[PDB]
Amino acid sequence: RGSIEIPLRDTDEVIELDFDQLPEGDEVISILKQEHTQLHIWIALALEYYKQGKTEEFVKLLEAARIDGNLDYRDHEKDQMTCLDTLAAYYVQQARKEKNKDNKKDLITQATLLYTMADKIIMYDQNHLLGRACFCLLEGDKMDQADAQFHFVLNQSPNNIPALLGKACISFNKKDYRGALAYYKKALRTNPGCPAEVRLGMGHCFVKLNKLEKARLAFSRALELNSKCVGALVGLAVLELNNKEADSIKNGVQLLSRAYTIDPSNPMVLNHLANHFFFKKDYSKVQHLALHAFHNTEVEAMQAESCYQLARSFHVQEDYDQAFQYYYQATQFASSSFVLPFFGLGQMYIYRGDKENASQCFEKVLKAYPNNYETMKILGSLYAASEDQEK
């Protein structure tokens, strides 16, 4: 709990230390090794380091536990494999939230080495398949392999809900919301323990297929259990961005000023504060926030929009030189995202008299849907002169 007993050589279970203070993780490996304590107290003290909200000590104290596997513990290999399972799962869990001094491969290469050593004692267990399945999400390929590895946890011993939730994340990547929604229902019936608000992924899939009555009812429960999560708040901002004539204060203050003060390192709320300030003619903060909404993101969906806000703020200032390269990056990063970057490059290629390519970039605007504003774009930039029925 907060003060557990540590076994000794003579008269064990007589010493207790308080877990409220933050001691050094360097003396713990020595104090648990000069007295020969059982392997169970190692994981017992690791969980008390993870309950105080500290992801580094939990993964660092369990790293040196491979050396003292079975010294004199009389056949205690089971707890050794349970120890190395954390070193084969929290590495992939921590590779997604990287900092500014480490890369992705620096936590991938440590997640690949110790997983093979974890399977020397026991192979193909309730969590060992989780590592083989989640190895594919980090590289962005082999989705069928990850789905076939996630299904095996149902056939071995499915004694938890996130043992099955892994298939729905793979169903989401193949654009299958019907297969994903049926798997996200089992996450709320048992409602197991997870600080990440497992109802958040269900409210994320209730965004599609016209279930606006369901996704808000998912985000509200996520905001009532813990208001620390911004992933349940920015969704309601995105659910409310369409109403520009109604509910503007909630959409600039309660959904944009609250998500920003609680979590300023988020490029989604920074992009939305930028596009909200763009209509109020305050360009001094759009370009300041869009630079911070750009360098911390990795996937190509947010960065094309972060460059698009910058080039939109530069076009209205008669600054097309800097905005042209941002419009090119918006389409070079993520092309099948939305119609906005193609239209921005269409109105941009007009400059310098290179209106030839504005037609090629505007051709893909009609392919999604026509617009009364896009019709006058190619009409103004019409290169058809005479006996030219192609144009």
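(A) Representation of the packing of helix α17 (residues 283-292) against helix α18 (residues 300-315). With their axes 9 Å apart at the nearest point, α17 and α18 run at an angle of 160° to one another. When the axis of α17 is compared with that of α18, the two are roughly antiparallel. In terms of crossing hand, the pair formed by α17 and α18 is left-handed. On the side of α17, the interface is formed by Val286, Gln287, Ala290 and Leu291, while α18 contributes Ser306, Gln309, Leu310, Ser313 and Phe314.

(B) A look at the packing of aromatic side chains. Inspection of the entire model under this criterion finds eleven aromatic pairs. Here a set of aromatic residues connected by ring pairs shows up, and it is made of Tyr50, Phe58 and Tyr90. The cationic tip of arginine 352 hangs over the ring face of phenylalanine 324; the distance from NZ or CZ to the ring centre is 4.5 Å. Above the plane of the ring of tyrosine 383 lies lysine 355, whose end atom (NZ or CZ) is 5.3 Å from the centre.

(C) Expanded view of the layout of surface pockets. As a volume, the second largest pocket reaches approximately 260 Å³. Along the wall of the second largest pocket there are 15 residues; nearest its centre are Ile6, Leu17, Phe19, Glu27 and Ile31. Listing elements by their share of the lining of the second largest pocket, those giving two or more residues are β2 (15-16), α1 (28-31) and α2 (40-51). When residues of the lining of the second largest pocket are assigned to their parent elements, the largest contribution, three residues, is made by α2. For the lining of the second largest pocket, the residue count by class is twelve nonpolar, no polar and three charged.

Criteria and thresholds
Residues numbered from 1 in each chain as written, not as in the entry; some residues may be left out. Part of a larger assembly, values for the part shown. Heavy atoms only, no water. Axes fitted to C-alpha atoms, helices over the stretch in contact; angles between N-to-C directions. Helix = DSSP H or I, 4+ residues; strand = E, 2+ residues; numbered from the N terminus. Parallel < 35°, antiparallel > 145°, perpendicular 65-115°, else oblique. Left-handed = near helix turned anticlockwise from the far one by under 90°. Contact = heavy atoms within 4.5 Å. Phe/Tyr/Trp six-rings, centres within 6.5 Å; stacked < 30°, edge-to-face > 60°. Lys NZ or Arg CZ within 6 Å of the ring centre and 35° of its normal. 1 Å grid on protein atoms, 1.4 Å probe; cavity = no way out; pocket = protein on both sides within 12 Å on 5 of 7 lines; lining within 4 Å. Points joined across faces, edges and corners; volume = space filled by probe spheres on them. Nonpolar A, V, L, I, M, F, W, Y, C, P; charged D, E, K, R; others polar.

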